[PDB]
Each structure stands twice: as structure tokens, then as C-alpha cells.
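Order-wise, the sequence lines are chains R and E. Its first residue numbered 1, the first sequence is counted upward by one per residue in the numbering used here. Its first residue numbered 441, the second sequence is counted upward by one per residue in the numbering used here. From the three backbone atoms N, C-alpha and C, an ideal C-beta is built for every residue, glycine too. Have a look at the structure below, then the notes.
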Amino acid sequence: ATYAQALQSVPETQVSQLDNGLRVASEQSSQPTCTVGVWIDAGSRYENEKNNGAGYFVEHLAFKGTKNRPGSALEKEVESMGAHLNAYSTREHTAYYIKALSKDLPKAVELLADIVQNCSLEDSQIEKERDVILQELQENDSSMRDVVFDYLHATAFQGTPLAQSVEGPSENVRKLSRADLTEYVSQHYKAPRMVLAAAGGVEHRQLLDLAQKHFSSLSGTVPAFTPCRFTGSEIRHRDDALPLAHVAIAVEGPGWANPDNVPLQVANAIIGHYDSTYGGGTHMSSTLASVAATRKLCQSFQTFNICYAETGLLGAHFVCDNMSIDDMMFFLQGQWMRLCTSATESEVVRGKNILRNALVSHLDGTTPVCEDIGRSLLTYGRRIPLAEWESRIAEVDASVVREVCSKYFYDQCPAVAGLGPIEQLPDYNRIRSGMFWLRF
Amino acid sequence: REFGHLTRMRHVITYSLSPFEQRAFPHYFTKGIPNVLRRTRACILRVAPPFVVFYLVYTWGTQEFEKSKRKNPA
């Protein structure tokens, strides 16, 4: 077992396509469990301002009931068989995965065929879920991380569907009507933009037969998004009652395929993540982590690489007190420019190992593997094997990182989103000036 | 008196934009000129009268000095 042999000895993600365009995929390896999901290609990205938040509403209403399974009967099927049903809908993707035992894979598929195709959209249920949406949005107001990320998306992709939040404006939540939800489920849940992915012990032939016996009667064989724009700006929500000030800084990243993703993920891996409850503290190779632990100017910071199809956000988000935001911005920008101008080999090797471990450790359990399958079939158009990932990491070197960071970080107008006691946060001019180094 | 503890403010939202994306001279003449005229009209009433009083006393003083340094009573 020489690692590379293990990557070569990974079961292949077998993929087939029905006449309707359903991309069926499976990764049968050993387990008696499975995760079966249908990864839609819908989300808030494909929503007009009137329809903003319809995807969230459809996600909520999906599990309530169907015509074949009125209301709680659906739940009765999921719990009585031991299955765990779950859904998640981001800006550009939506999925309903039902974790279950591999023995009862047939029924689950049928169950899934009910949820995505034949929904209920009951009007009384619509009002009951409208109220829940409102209170849940008031809940998410408390989530500082989510609020700051939505602020970043609003200020970066302003005037574009990317700015639209997943939940939608509170006004829309009240103004959505059953006609809009029916249109959305009849316009963004079409068969071509579907990925039926199953992990665990799921034989591919059985999956194909089940899909052809349950998902056959679907749409036959246009809204295809608009290339959004990046607008260097900032949203500063100065609110001096929150104890900490969450700040998120990002630059236009790569596209979904955009092989430059592999070097950048290494570069961000060099920065790493730090918070107050970590271990080593003033010993991590990450200069930001070491400095933060030496001065306690950071409460929790991480590097994010939210990457959409035509563009993406690459940056860092940090949480700290009111008197340490400027020191943060200084050190964060300084490390960014240090990688930009002189990246050297050793930290590149560390980033390569870090990225290898991230990709390898993420792909365990039926749910993460199935999520990888469904997302890969939509974004990259193929399930990128871990061997290919290793090959793409291998040739990344110091020069490659120094050039990709130069092409993405050096002298680029950023997007900033601060919330809380963010008065100490430097104005946009100083932040923009941080992205160029007179010493260079 | 440094950034961080000047005062307390809440529920304020400030949007801005990178200087490299928005125009440096937005409507410099389309909106600049009417604004200049409005600002001029706002303060001309309270600025001019003291100076026109100066101009009046100046012209009167110079002409009276010229008149005094002359020949009449002899």
C-alpha cells in the first residue's frame, strides 16, 4: 500500500444517462448503507427578483407531502425504514438525499421519485410554511457568519442574481403564491438538470433499473443563467452591540473547472484556519495562526473558496474584537502578498499535503461521497477521480502558486463585508492599497 | 483618540465602491454647475453687501482725496 496504489484502487464512479437526461451515478464499494439523492441544478442563481426565495420554499415544502404520500405518510415511510431524509439548497444547487440501508434501496428511489416530481404544494401548508420561513429568517439574522457571507455576496455581485440570498427577501416570503412555486418546480426541476447519485452499496445496474422504473415519466429530452460581474465594494454594518466583529474579504476567484482552482486551494491551505480553541497555538506553520495565537488578536478565522460556475469568491473571513481588525487586515494582506511575491517551496509542500488530506478525508461515508458525485456531475461535468486530484496537486510548485496568486491577488479590487463593531476596519482605500506592495 | 473607540453607532449601513471601477469625474459639468450656482445664491446675499460697502467707500475716498488735493477763494 503505497498511497498512490490506494488512490488507484478506488472503485470507479459509474455513470449512465437515461433518455430523459437523468445522469445516474453510483460508487458501490462495500457498505450495507447508502445515500441516494437527486442533485437539482436549481437555486437562487436562477431566480428573478420576484421569485427570489422560491427555491427555499420548494425545499421546505418538498418533504411535507405528495399526492401518492399525503402528508405525514411520507415521514412515516422515512422513519419506519430507518432512513434519514435531508435536503440542502445553495445558490446554484439543490439536493434531497435520503440516507438509508442498502437493502431497501428500491423503496427509497421510489420515495425520491415522489418528492422531486410529484409534490403537493398545499395552500394551507404553504401558509404554515410561510410563517416558518419568516421565523427561520429571523433566526438566521443571529447567525453572524451567514449574515456576513450574504453581505459579501450582495456587495460583490451587486446587480446580478448571485447577490440574491438563498432565503430571499422577507417581503417575497409573504408575496410568494402557489402559482410561482408550481412554475418554479415545473421550470427548474426539469430532467436534463438532474443528477441521481447514490453511494454505499448500490449496484449500478439496479440503480439504473430503478431510475428507469420510477423517474421515467419526467420532462422530455431558455433559463441558463447570465454571466455575473464582480464589483469591488464593501458593506459595513456598524453595530456596536455585537461582542465581536465578523469581517469577510474576497476577490474574484476561478470558475468551477478552471484548473487554477488546484493551485489556489493549495495557497489558501498555506494560510489555514485558526480559532481560540485550537491546540499548538504559537507553533502552527501558518504565520497568521502563529501571530494570532501570540497576540490573541483573532477569535476565529478561515480561508474560503466559494466558487461558482462563471466566477467565484476567494478570500478569508475572520472574527475578532473591536480593537484588532486593523492588525488582522494588515497581517492577512501581508501574508497574501508574501505568497504572491515569494511563495518558496516548503510551504507549498505543506499546502500540497494539506489539500491531499482535505480531499481524501472529506470523501468518507456515503453522504459525503454521494455529495461529491452529485456536485461533480453538475459542476465539472464528470466525477474527478482522486487519482486525477493527486496528479493535479503533484505538479503544483512554488512558481505556479506565485503566478496564480499574482494573477488573482496582486492589485485586485476586493469585496469587503463587515458586521458588528467594525469601526476599526480600514476604509476601502487602505484595503485596496494593501493589495499592492511598494517593496515589490 | 484613535480608531476603535471614538463613539457608538448602530443600525447604520454604508455601501461604497472601488475607486478603480467608478468614474473619477461623474457629471462634473452636468451637475457641478447647477450646484455651484445654488451654493453661490445661498451665500451671495450675506457675502456681497460688506464688500460693496467697501467698494463704495473706496471710490468715494479716492475721488474725495483727488478733489481735496486741488485748487479752489484766492
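Status (buried if at least 16 other CB within 10 Å, exposed otherwise) for residue i
{"i": "R:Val-36", "result": "buried"}
{"i": "R:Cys-298", "result": "buried"}
{"i": "R:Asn-48", "result": "exposed"}
{"i": "residue 443 of chain R", "result": "Outside the modelled stretch of chain R, which goes from 1 to 440, sits residue 443 of chain R, for which no answer is possible."}
{"i": "E:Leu-485", "result": "exposed"}
{"i": "R:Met-329", "result": "buried"}
{"i": "E:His-451", "result": "exposed"}
{"i": "E:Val-476", "result": "exposed"}
{"i": "R:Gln-117", "result": "buried"}
{"i": "E:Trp-500", "result": "exposed"}
{"i": "R:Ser-346", "result": "exposed"}
{"i": "E:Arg-448", "result": "exposed"}
{"i": "E:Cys-483", "result": "exposed"}
{"i": "R:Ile-133", "result": "buried"}
{"i": "R:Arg-375", "result": "buried"}
{"i": "R:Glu-79", "result": "exposed"}
{"i": "R:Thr-277", "result": "exposed"}
{"i": "R:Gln-28", "result": "buried"}
{"i": "R:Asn-261", "result": "buried"}
{"i": "E:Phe-443", "result": "exposed"}
7 Å Cβ cutoff met for residue i and residue j
{"i": "R:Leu-121", "j": "R:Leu-176", "result": "no"}
{"i": "R:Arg-45", "j": "R:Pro-161", "result": "yes"}
{"i": "R:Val-173", "j": "R:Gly-272", "result": "no"}
{"i": "R:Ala-267", "j": "R:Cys-405", "result": "yes"}
{"i": "R:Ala-163", "j": "R:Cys-370", "result": "no"}
{"i": "R:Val-10", "j": "R:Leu-355", "result": "no"}
{"i": "R:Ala-211", "j": "R:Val-24", "result": "yes"}
{"i": "R:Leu-111", "j": "R:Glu-77", "result": "yes"}
{"i": "R:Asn-322", "j": "R:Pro-426", "result": "no"}
{"i": "R:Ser-30", "j": "R:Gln-14", "result": "no"}
{"i": "R:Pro-263", "j": "R:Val-396", "result": "yes"}
{"i": "R:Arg-383", "j": "R:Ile-393", "result": "no"}
{"i": "R:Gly-315", "j": "R:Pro-254", "result": "no"}
{"i": "R:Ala-269", "j": "R:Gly-365", "result": "no"}
{"i": "R:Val-109", "j": "R:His-214", "result": "yes"}
{"i": "R:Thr-231", "j": "R:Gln-158", "result": "yes"}
{"i": "residue 441 of chain R", "j": "R:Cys-34", "result": "A question about residue 441 of chain R goes unanswered here, because the residues of chain R that appear run from 1 up to 440."}
{"i": "R:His-317", "j": "R:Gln-302", "result": "yes"}
Distance between residue j and residue i (C-alpha atoms, nearest Å)
{"i": "R:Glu-167", "j": "R:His-237", "result": "20 Å"}
{"i": "R:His-93", "j": "R:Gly-43", "result": "5 Å"}
{"i": "R:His-188", "j": "R:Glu-388", "result": "32 Å"}
{"i": "E:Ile-453", "j": "R:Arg-178", "result": "34 Å"}
{"i": "R:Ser-186", "j": "R:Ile-115", "result": "13 Å"}
{"i": "R:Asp-275", "j": "R:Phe-304", "result": "15 Å"}
{"i": "R:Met-194", "j": "R:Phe-57", "result": "19 Å"}
{"i": "R:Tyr-408", "j": "R:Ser-233", "result": "17 Å"}
{"i": "R:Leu-339", "j": "R:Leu-218", "result": "50 Å"}
{"i": "E:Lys-509", "j": "E:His-467", "result": "57 Å"}
{"i": "R:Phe-436", "j": "R:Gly-201", "result": "52 Å"}
{"i": "R:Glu-252", "j": "R:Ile-40", "result": "25 Å"}
{"i": "E:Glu-504", "j": "E:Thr-470", "result": "48 Å"}
{"i": "R:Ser-285", "j": "R:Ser-361", "result": "21 Å"}
{"i": "R:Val-291", "j": "R:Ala-199", "result": "42 Å"}
{"i": "R:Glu-423", "j": "R:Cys-413", "result": "21 Å"}
{"i": "R:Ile-249", "j": "R:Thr-341", "result": "20 Å"}
{"i": "R:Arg-145", "j": "R:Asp-239", "result": "15 Å"}
{"i": "R:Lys-128", "j": "R:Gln-135", "result": "11 Å"}
{"i": "R:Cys-320", "j": "E:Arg-441", "result": "21 Å"}
N- and C-terminal bounds of the alpha helix (DSSP H) containing residue i
{"i": "R:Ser-399", "result": "398-408"}
{"i": "E:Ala-514", "result": "Careful: E:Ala-514 lies outside any alpha helix (DSSP H) and carries neither H nor E."}
{"i": "R:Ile-373", "result": "366-378"}
Residue i CB to nearest heavy atom of the ligand NAD below 6 Å
{"i": "R:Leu-359", "result": "By its list of ligands, the structure shown contains no ligand whatsoever, and the ligand NAD lies outside what it can speak to."}
For residue i, the first and last residue of its enclosing beta strand (DSSP E)
{"i": "R:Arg-356", "result": "First-last for R:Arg-356: 345-362, but that is the alpha helix (DSSP H), not the beta strand (DSSP E)."}
{"i": "R:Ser-120", "result": "No beta strand (DSSP E) contains R:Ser-120, which DSSP labels as neither H nor E."}
{"i": "R:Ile-431", "result": "Run containing R:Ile-431: none in the beta strand (DSSP E); it sits in the alpha helix (DSSP H), 428-434."}
{"i": "R:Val-416", "result": "415-420"}
{"i": "R:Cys-34", "result": "33-40"}
{"i": "E:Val-452", "result": "452-455"}
Item to check | Whole runs of the beta strand (DSSP E) within the stretch 465-492 of chain E, excluding any shorter than 3 residues | outcome: Runs found: none.
Checklist entry - Fully enclosed by the stretch 236-320 of chain R, which alpha helix (DSSP H) runs are 4 residues long or longer? => result Listed in chain order, they are 261-271 and 287-295.
Next on the checklist: So within the stretch 143-169 of chain R, which uninterrupted alpha helix (DSSP H) runs reach at least 4 residues, ignoring any that extend past its ends?
Outcome noted: Listed in chain order, they are 144-156.
Item to check | Contiguous alpha helix (DSSP H) assignments of at least 4 residues, all confined to the stretch 49-92 of chain R | outcome: Fully enclosed alpha helix (DSSP H) runs of 4 or longer: 54-62 and 72-80.
Checklist entry - At what residue ranges does the stretch 320-345 of chain R contain a whole run of the alpha helix (DSSP H), taking only runs of 4 or more? => result Whole alpha helix (DSSP H) segments, 4+ residues: 325-341.
Next on the checklist: Just to confirm the assignment: which complete alpha helix (DSSP H) runs, minimum length 4, are found wholly within the stretch 175-238 of chain R?
Outcome noted: Within the stretch 175-238 of chain R, the complete alpha helix (DSSP H) runs of at least 4 residues are 178-187 and 204-214.
Checklist entry - Quick one: complete beta strand (DSSP E) runs, 3+ long, within the stretch 2-32 of chain R? => result Within the stretch 2-32 of chain R, the complete beta strand (DSSP E) segments at least 3 residues long are 14-17 and 23-26, listed from N- to C-terminus.
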